[PDB]
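As given, the protein sequences belong to chains R and Z, one line each in that order.
All letters in the first sequence, in the order written, are residues 204 to 428, 449 to 456 by UniProt numbering.
Under UniProt numbering, the first residue of the second sequence is numbered 204, with each subsequent residue one higher.
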Amino acid sequence: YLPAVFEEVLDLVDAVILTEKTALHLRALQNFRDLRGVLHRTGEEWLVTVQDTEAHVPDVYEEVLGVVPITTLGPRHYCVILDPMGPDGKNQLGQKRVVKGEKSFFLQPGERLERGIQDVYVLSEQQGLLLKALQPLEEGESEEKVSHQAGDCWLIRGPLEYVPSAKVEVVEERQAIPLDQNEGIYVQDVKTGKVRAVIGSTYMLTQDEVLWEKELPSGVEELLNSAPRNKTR
Amino acid sequence: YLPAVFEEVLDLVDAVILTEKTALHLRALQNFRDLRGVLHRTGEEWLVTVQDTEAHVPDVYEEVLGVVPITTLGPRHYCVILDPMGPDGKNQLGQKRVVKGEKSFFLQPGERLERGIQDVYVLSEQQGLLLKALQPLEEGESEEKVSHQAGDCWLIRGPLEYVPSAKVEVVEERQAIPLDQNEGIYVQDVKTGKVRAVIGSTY
């Protein structure tokens with residue numbers, strides 16, 4: 204290029220290379236129209252990927268805020284995107300969206316993972332999830348179709364996999380206890396206080412059951428015949 | 204721009220960039236009309252957001268008091284705005300308005316959060332909220348539809364979520380006590396003094 208009499212030549216700007224693993228996040232310094240023909244306002248931040256241009260030149264109207272690597276959630280993974288941009292094109296502040304299911308997306312401008320890609324919960328026959336519905340209306344959230352209120356703790360169990368929705372929250376892990384005949388555990392149903400002393404097959408506490416201590420009037424050494452007794456079972 | 208013979212050129216003023224996360228709070232130094240065509244009095248403070256201009260130049264008639272970040276109340280949050288500006292366009296002094304429900308607003312000039320974004324109350328079957336209605340007429344305040352008087356304490360319980368209205372005030376947490384048969388707690392009903400010794404289920 205031969206500069207004109209007036210063109211003061213500045214530094215040569217190279218194009219950033221976009222693979223499907225990266226996207227370019229940049230803010231429009233001022234109102235203009237990009238190469239692809241999209242309006243942009245003075246301060247709007249957005250992403251350019253391989254679906255638009257394989258090698259994007261930072262325009263004079265754009266400031267490259269950075270390069271975002273692709274966030275890939277494996278077949279067994281989920282993430283909680285904070286402030287997800289809705290259909291209108293703006294970050295929904297305060298809100299959060301759970302995303303899972305072997306996906307690979309880009310963190311939109313303003314979005315941020317809650318705790319990153321953590322793990323998807325997998326529980327067997329002897330594992331549970333004690334959950335709290337700190338936000339009400341868990342009606343169509345899963346197959347159970349039972350609508351939990353705002354705070355009523357409940358236990359989900361079975362050989363299955365779970366992703367905690369935005370409303371629900373994991374309270375505890377609830378490992379079961381293996382019991383045979385003539386053996387059991389003292390369970391107090393804190394929702395009613397009643398102690399049941401459930402014996403027989405293996406058992407795990409429900410949403411509102413706690414191991415209950417059984418005190419003996421010093422008549423324990425005479426029945427054991449060093450190691451303290453498990454005074455809860 | 205080529206200055207005239209009389210124009211004494213002052214400093215170049217740059218436009219502040221407004222994202223949906225920020226707004227510009229500024230006071231009119233004197234009566235004028237803004238770019239959008241809104242009258243402003245000598246001393247009136249107001250906000251400009253992205254809904255008006257994406258990059259606002261501080262006018263010669265305006266003094267930028269600052270930039271306010273957006274106050275976002277999550278799906279489980281509330282705030283108590285002190286001195287909320289009513290429909291007339293003035294701060295209602297002394298008053299306070301509770302705002303909740305996954306919102307994202309801007310603190311209007313003169314408004315201020317009571318204690319900021321604290322938390323929305325969530326209580327299970329074994330948690331309560333002992334509340335005092337220090338301001339009367341809690342008639343249509345919630346679904347219970349029962350009108351509490353000016354100061355009569357009452358307990359709200361259940362697997363639900365609560366936001367304390369401006370009139371009501373949280374007194375205490377009221378955790379339940381798990382009781383089985385042949386066990387209970389001695390309760391004195393201070394409204395009548397009688398002691399009941401309630402036994403049986405949890406209470």
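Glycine is no exception: its CB is placed at the ideal position from the N, C-alpha and C atoms.
Excluding five sequence neighbours on each side, which residues of the same chain lie with their C-beta closer than 8 angstroms to the C-beta of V270 of chain Z?
-> Here the set comprises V219, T225, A226, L227, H228.
How about the stretch 359 to 378 of chain R and the stretch 343 to 356 of chain Z: do they share at least three Cβ pairs that are nearer than 8 angstroms?
-> no
Could you please tell me which residues of the stretch 353 to 387 of chain R, in chain order, have their CB closer than 9 angstroms to any CB of chain Z?
-> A353, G354, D355, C356, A369, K370
With a threshold of 16 other CB atoms inside 10 Å of the CB of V260 of chain R, please say whether the residue is buried or exposed.
-> exposed
State the Cα-Cα distance for the pair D255 of chain R and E248 of chain Z, rounded to the nearest angstrom.
-> 44 angstroms
Taking a Cβ distance cut-off of 8 angstroms, strictly less, list which residues of the stretch 255 to 286 of chain Z are near chain R, in chain order.
-> From the stretch 255 to 286 of chain Z, only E257, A258, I273, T275, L276, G277, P278, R279, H280 have a Cβ closer than 8 angstroms to chain R.
Where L250 of chain Z falls: helix, strand or coil (DSSP) = strand
Confirm, please, whether the CB-CB distance from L419 of chain R to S404 of chain R is below 9 angstroms.
-> no
Residues of its chain near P367 of chain Z, where Cβ-Cβ distance is below 6 angstroms and the 5 sequence neighbours each way are ignored | The residues are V373.
Counting only beta-carbon atoms, is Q330 of chain R nearer than 9 angstroms to chain Z?
-> no
With a Cβ-Cβ cutoff of 9 angstroms, do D355 of chain Z and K370 of chain Z count as a contact?
-> Not a contact, by the Cβ cut-off of 9 angstroms.
Would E211 of chain Z pass as a contact of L232 of chain Z if the rule is Cβ separation under 9 angstroms?
-> no
Sequence ranges, alpha helix (DSSP H) only - wholly within the stretch 356 to 395 of chain R, length at least 4 = none
Spatial neighbours of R244 of chain R in its chain, beta-carbon cut-off 8 angstroms, leaving aside the 5 residues before and after = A231, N234
May I ask you to list, following chain order, the residues of the stretch 206 to 221 of chain Z that have a beta carbon less than 9 angstroms from some beta carbon of chain R?
-> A218, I220, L221
With DSSP as the reference, label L426 of chain R as helix, strand or coil.
-> helix
Mind reading off the beta-carbon distance from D291 of chain R to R315 of chain R? Whole number of angstroms is fine, and I expect it under 8 angstroms.
-> Incorrect: roughly 19 angstroms between the Cβ atoms, too far for contact.
Three-state secondary structure assigned by DSSP to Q233 of chain R = Secondary structure at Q233 of chain R: coil, using DSSP grouped into helix, strand and coil.
Under 7 angstroms Cβ to Cβ from residue 467 of chain R, same chain only, skipping five residues before and after it: list those, please.
-> Any property of residue 467 of chain R remains undetermined from this structure, which presents chain R solely from 204 to 456.
Look at the alpha carbon of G277 of chain Z and the alpha carbon of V323 of chain Z, and state the distance between them as a whole number of angstroms.
-> 10 angstroms
Could one say the Cβ of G403 of chain Z lies closer than 9 angstroms to chain R's Cβ atoms, at least one of them?
-> yes
Write down the C-beta distance between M288 of chain R and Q298 of chain R rounded to the nearest angstrom, noting that I regard them as a contact closer than 8 angstroms.
-> That pair is no contact at about 10 angstroms.
Environment of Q321 of chain R [buried if 16+ CB atoms lie within 10 Å] = The residue in question, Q321 of chain R, is exposed, as its Cβ has fewer than 16 Cβ neighbours within 10 Å.
Could you tell me the boundaries of the beta strand (DSSP E) in which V270 of chain Z lies?
-> 265 to 272
Who pairs with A258 of chain R in a beta bridge, going by DSSP?
-> R:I220
Tell me where the beta strand (DSSP E) around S404 of chain R begins and ends.
-> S404 of chain R -> no beta strand (DSSP E), and no H or E assigned at all.
Contact check, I402 of chain Z vs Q391 of chain Z, beta carbons under 9 angstroms = No; because the gap between Cβ atoms is not below 9 angstroms, this pair is not in contact.
Extent of the continuous beta strand (DSSP E) run through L285 of chain R | 281 to 285
Is the Cβ-Cβ distance between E305 of chain Z and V283 of chain Z less than 9 angstroms?
-> no
Can you say whether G246 of chain R is buried or exposed, counting buried as having 16 or more other CB atoms within 10 angstroms of its CB?
-> buried
Contact check, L340 of chain Z vs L332 of chain Z under 8 angstroms by CB: the rounded distance?
-> 19 angstroms between Cβ atoms; not a contact.
Quick one: residues in its chain with C-beta nearer than 7 angstroms to the C-beta of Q311 of chain R, no 5 flanking neighbours on either side, listed in chain order?
-> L250, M288
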